[PDB]
Amino acid sequence: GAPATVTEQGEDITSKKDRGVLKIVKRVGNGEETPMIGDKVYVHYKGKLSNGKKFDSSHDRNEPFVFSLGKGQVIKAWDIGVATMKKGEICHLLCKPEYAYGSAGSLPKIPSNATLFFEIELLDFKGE
Ligand SMILES: CC[C@H]1CN(CCOc2ccc(OC)c(OC)c2)C(=O)[C@@H]2CCC[C@H]1N2S(=O)(=O)c1cc(Cl)cc(Cl)c1
């Protein structure tokens with residue numbers, strides 16, 4: 001399925017080239033511009049664990065998730081991944097634990113040493 005496909009066919013978007021964050025662009029976005037550091041970014045997403053369980057979805061809340069890019073307000077994989085996206089893009093991101101919740105995990109839903117799969121849609125980005 002989609003997690004296997006990004007695992008096997010995704011692009012390594014890490015600066016270290018350590019395959020910690022792999023990406024496939026699923027829906028091509030608009031033009032060429034990507035957000036810059038400190039922009040307010042608006043995303044919809046869903047996340048799955050490697051046991052197949054959904055652990056989160058903004059769609060199910062009927063509101064986007066909003067954060068300031070490149071400030072560590074989200075896991076490293078998201079700061080790295082969302083920075084590569086165009087407005088209107090949908091991508092898949094496969095996030096090894098070193099770019100996610102590491103050995104700690106995040107109670108109650110994310111175990112230790114968890115590889116995470118996300119589908120992310122970049123709705124908008126704006127400077128403040
Ligand atoms: C409010 C939901 C949000 C939680 N966060 C932000 C809080 O977790 C952080 C933030 C910054 C961090 O390092 C700079 C960090 O390192 C472990 C975790 C996420 O980064 C990631 C990515 C953005 C969407 C959500 N999570 S998530 O889906 O992995 C998630 C969902 C749920 Cl239901 C619980 C958890 Cl613990 C995480």
Side-chain angles (χ1 to χ4, degrees), residues 1-127:
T5 297
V6 60
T7 300
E8 297 174 347
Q9 311 294 330
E11 171 186 346
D12 186 357
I13 61 166
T14 64
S15 63
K16 284 188 73 177
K17 314 295 212 187
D18 64 14
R19 288 179 66 84
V21 187
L22 302 175
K23 181 186 181 196
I24 293 175
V25 175
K26 296 292 293 181
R27 208 275 289 281
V28 174
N30 301 327
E32 301 173 26
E33 195 174 11
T34 61
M36 68 174 285
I37 181 173
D39 281 352
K40 190 166 178 176
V41 298
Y42 295 71
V43 302
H44 266 307
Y45 71 98
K46 62 177 171 168
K48 297 186 143 187
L49 299 180
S50 56
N51 65 9
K53 300 287 199 184
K54 167 163 75 185
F55 65 86
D56 200 4
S57 167
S58 60
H59 301 278
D60 292 342
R61 288 190 290 268
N62 304 119
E63 65 176 55
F65 180 76
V66 182
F67 69 102
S68 296
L69 186 64
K71 300 299 173 173
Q73 294 183 358
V74 293
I75 58 169
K76 290 175 180 178
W78 272 48
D79 268 341
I80 294 162
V82 174
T84 71
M85 299 182 71
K86 296 164 186 79
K87 185 167 170 179
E89 181 179 314
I90 303 173
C91 79
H92 288 174
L93 285 187
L94 185 84
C95 310
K96 301 308 288 179
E98 296 78 13
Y99 291 88
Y101 294 95
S103 46
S106 183
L107 188 73
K109 56 230 305 94
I110 298 176
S112 187
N113 297 336
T115 292
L116 306 181
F117 171 86
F118 294 93
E119 178 172 285
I120 303 173
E121 179 179 1
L122 180 57
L123 304 162
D124 199 14
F125 60 92
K126 66 190 183 193

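Residues: numbered from 1 along the sequence shown. Just follow the structure's listing: the first ligand is 1, and inside any ligand the first atom is 1.
Closer than 4.0 angstrom to ligand 1 sit non-hydrogen atoms from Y45, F55, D56, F65, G72, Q73, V74, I75, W78, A100, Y101, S106, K109, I110, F118.
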Going by atom type alone, with no hydrogens or angles, which donor-acceptor pairs under 3.5 Å involve a side-chain atom of residues 117-125 and a protein atom two or more places apart or on another chain?
| from | atom 1 | to | atom 2 | distance (Å) |
| --- | --- | --- | --- | --- |
| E119 | OE1 | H92 | NE2 | 2.8 |
| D124 | OD1 | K87 | NZ | 3.1 |

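Comment: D60 does not engage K46 in a salt bridge, judged by the lack of any side-chain N to carboxylate O separation of less than 4.0 angstrom. For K23 and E89, the salt-bridge test passes: some basic side-chain N is under 4.0 Å from an acidic carboxylate O. Ion pairing of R61 with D56 is present here, as a side-chain N (NZ or NE/NH1/NH2) and a carboxylate O approach within less than 4.0 Å.
In this pair, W78 and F65 present their aromatic rings perpendicular. The plane angle is above 60°, beyond the 30 to 60° band.
No side-chain donor-acceptor contact under 3.5 Å links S106 to the backbone of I110.
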